[PDB]
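> This one's a deposited entry, sequence included:
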Amino acid sequence: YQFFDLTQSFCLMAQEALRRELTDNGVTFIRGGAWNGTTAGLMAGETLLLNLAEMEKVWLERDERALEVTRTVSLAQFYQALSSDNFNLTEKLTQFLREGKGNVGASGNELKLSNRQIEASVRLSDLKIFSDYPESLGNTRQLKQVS
Amino acid sequence: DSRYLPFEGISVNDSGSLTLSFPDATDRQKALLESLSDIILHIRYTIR
Amino acid sequence: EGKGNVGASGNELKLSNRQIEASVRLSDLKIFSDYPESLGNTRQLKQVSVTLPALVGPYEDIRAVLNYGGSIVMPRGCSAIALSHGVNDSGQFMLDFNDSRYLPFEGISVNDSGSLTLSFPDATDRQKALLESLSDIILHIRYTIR
Amino acid sequence: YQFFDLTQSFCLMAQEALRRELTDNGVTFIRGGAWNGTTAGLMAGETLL
Amino acid sequence: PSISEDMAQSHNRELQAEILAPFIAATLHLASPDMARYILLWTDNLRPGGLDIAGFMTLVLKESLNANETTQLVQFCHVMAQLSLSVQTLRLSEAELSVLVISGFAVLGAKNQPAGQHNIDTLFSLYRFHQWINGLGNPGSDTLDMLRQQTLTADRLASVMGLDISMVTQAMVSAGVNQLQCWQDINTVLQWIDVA
């Protein structure tokens, strides 16, 4: 019983991992019923095996090598060309370093000297990354790595 | 990697934001940012 | 100008909408006669890399998409690649031929009637100087002969 | 039955992958008959092996 | 849980019956998925609650949202259970059931009804047919083989049963049947031979 509970948790978290990897939240194949309590909860193994095979089938069928794109962004130019609060990044940084407290920008795109830690927030949605390439040859768009 | 590399799974234009913070900037990190010009980011992303 | 087109079907350079397109026909490249048909029965292409010689500075990102527009369509994932920096850009961060899957643009015939179209978006628009200073495009096609 | 259907799909797509890798479209060894319906569709395993 | 509408909403009635057969065998403690399928074929050609297979699984996937159509569905299930239990009691074999359903009771015959209604006439007919199949002997496999077709000839039946061809012919001319079109005619001829 304890081992089946652990294996069920493992298969549920594997299902969630597959959901994240396929960027879908509707596919479900582990639907309970593995522990048939009327018969000491047996015949869970082949059910979980079938669910795992279904997961692998969905993965290997809907697998799609997504286009990988690398974009370089300069904070100075982004803040200088901001639609709402356009300002000189290094000038504001030097001003804030000269003084003891400073803040500039709007929510999401803001440079400040908070307490003893200089903070610079850049909004992902404000970067206008959708229009980098036309939506042709692409359905799900997401970020994966930052350097 | 066997696991997921850092900052993986975020939407391409999610309403969330990324905050870069430099601590002890009152403090020990004066000259480092006084001579600093700007910051560069390289975002790698996938489109299905 | 705001619109231009030159060449024939398969080998054609145009400025379509807001995306500069350049189609090169694979069958028109005359790859069969590179080596005699001795010591070879099945001839096919496997990998393509793209190099963009231009005056590009820091923070400046090139935007290119290379797609295959032939008749044989292998399922989605490898029919196109994306080019960002352009310096020997193959569309992948690492060039490993021991991949569990098939690397992009694999399985196309050596001289298939299909063509490869390289498109630069927002070229009306933000990508003026990048291609104004651009000289040409370089391709490195790696292929196998049985 | 469901697991056999999944395994048959897997073996068919593996056959197609081998066809692509060998650049041939005539070789076929999974020719059906694995699910002998008269006997609950058994003895598919050794046939697929 | 096991089957949803995604693949149950197909158009092939026979394929839907094949898909639902193992579940019917599990719920009726039946012998084989094909026998469950063939019981489903009987119950679908009978329509106890006036439900086809498509409406059957759609209303099953519906969580009993019906006032009297749930009663119709349980009547349908009880009818298939009755057919399965009758098959088990008569010990009717896989091939016999398959041949009978494939013929659609046309090679079995019926009284005043198409195919066959689930009552004492068809019950007795099936019992006598199964006894005849048991008494067929070793060539019974081939006998049923051309009984599936319409090539079961009078002289072939005479040779298989081991009786006299003239006995079979006079049985033909007495029963008035020129061919073994249905098991009704077959059993009439058999009973005439028996009383002779």
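Cool, the structure landed. Numbers count the residues shown, from 1 in each chain, chains lettered A, B, ... in the order given.
> contacts and neighbour counts: CA atoms only from here.
Noted.
> CA atoms of the longest helix belonging to chain A as CSV?
In chain A, assigned by DSSP state H, the helix with the most residues is helix A:2-22. Taking Å, rounded to 0.1, in the frame of the first residue of the first chain, the C-alpha atoms of helix A:2-22 are listed here in CSV:
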residue,chain,number,x,y,z
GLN,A,2,2.7,2.5,0.9
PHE,A,3,4.8,1.6,-2.2
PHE,A,4,1.7,2.1,-4.4
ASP,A,5,1.0,5.5,-2.8
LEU,A,6,4.6,6.5,-3.6
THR,A,7,4.4,5.2,-7.1
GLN,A,8,1.1,7.0,-7.7
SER,A,9,2.7,10.3,-6.5
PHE,A,10,5.6,9.6,-8.8
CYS,A,11,3.3,9.0,-11.8
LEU,A,12,1.2,12.1,-11.0
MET,A,13,4.3,14.3,-10.9
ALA,A,14,5.6,12.7,-14.1
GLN,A,15,2.2,13.6,-15.7
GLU,A,16,2.6,17.2,-14.5
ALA,A,17,6.2,17.2,-15.9
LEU,A,18,4.9,16.0,-19.3
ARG,A,19,2.2,18.7,-19.2
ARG,A,20,4.8,21.4,-18.6
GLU,A,21,7.1,20.0,-21.3
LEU,A,22,4.2,19.9,-23.8
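> and it, what other elements does it pack with?
When contacts are defined as 3 or more Cα pairs under 8 Å, 6 or more residues apart in numbering or on different chains; DSSP states H and E, helix A:2-22 sits against helix A:45-62.
> does chain D sit close to the helix it packs on?
Yes. Contact between helix A:45-62 and chain D, assessed by Cα under 8 Å from any Cα of the partner chain, occurs at A:50, A:53, A:54, A:57.
> Could you tell me which of these count as buried?
A:50, A:53, A:54, A:57 (16 or more other Cα atoms under 10 Å in any protein chain shown).
> can you pull the contacts of the third one?
Contact partners of residue A:54, counting by Cα atoms under 8 Å, 6 or more residues apart in numbering or on different chains, are A:29, D:6.
> if we can go back for a sec, buried ones in the longest helix of chain A?
Of the residues in helix A:2-22, those buried (16+ other Cα under 10 Å) are A:8, A:11, A:12, A:15, A:16, A:18, A:19, A:22.
> follow-up on the earlier one: which one of the buried ones among the residues of helix A:45-62 next to chain D sits closest to chain B?
Minimum distance to chain B across those is 18.7 Å, recorded for residue A:57 (Cα to the nearest Cα).
> For residue C:71, see how far away the spatially most central residue of chain B is.
Nearest to the geometric centre of chain B sits residue B:20, at 5.3 Å (Cα atoms, centre = their mean). According to Cα to Cα, to the nearest Å, residue B:20 and residue C:71 sit 48 Å apart.
> what's the answer for residue B:47, then?
Distance of residue B:47 to residue C:71, computed by Cα to Cα: 24 Å.
> Same question for residue A:7.
Relative to residue C:71, residue A:7 is positioned 47 Å away (Cα to Cα).
> picking up where we left off before, hang on, the residue nearest to the centre of chain B packs against residue A:121?
Yes. Assessed by Cα atoms under 8 Å, residue B:20 is found in contact with residue A:121 at 6.3 Å.
> quick one, what contacts whichever residue of chain B sits closest to chain D?
At 22.0 Å from chain D, residue B:48 is the closest residue in chain B, using Cα to the nearest Cα. Residues near residue B:48 by Cα under 8 Å, 6+ apart: A:64, A:65, A:66, A:67, A:137, A:138, A:139, A:140, A:141, C:77.
> now with 7 Å?
A:64, A:66, A:67, A:138, A:139, A:140, A:141 (Cα atoms under 7 Å, 6 or more residues apart in numbering or on different chains).
> any idea which of these is the one closest to chain C?
Nearest to chain C among the contacts of residue B:48: residue A:64, at 4.7 Å, using Cα to the nearest Cα.
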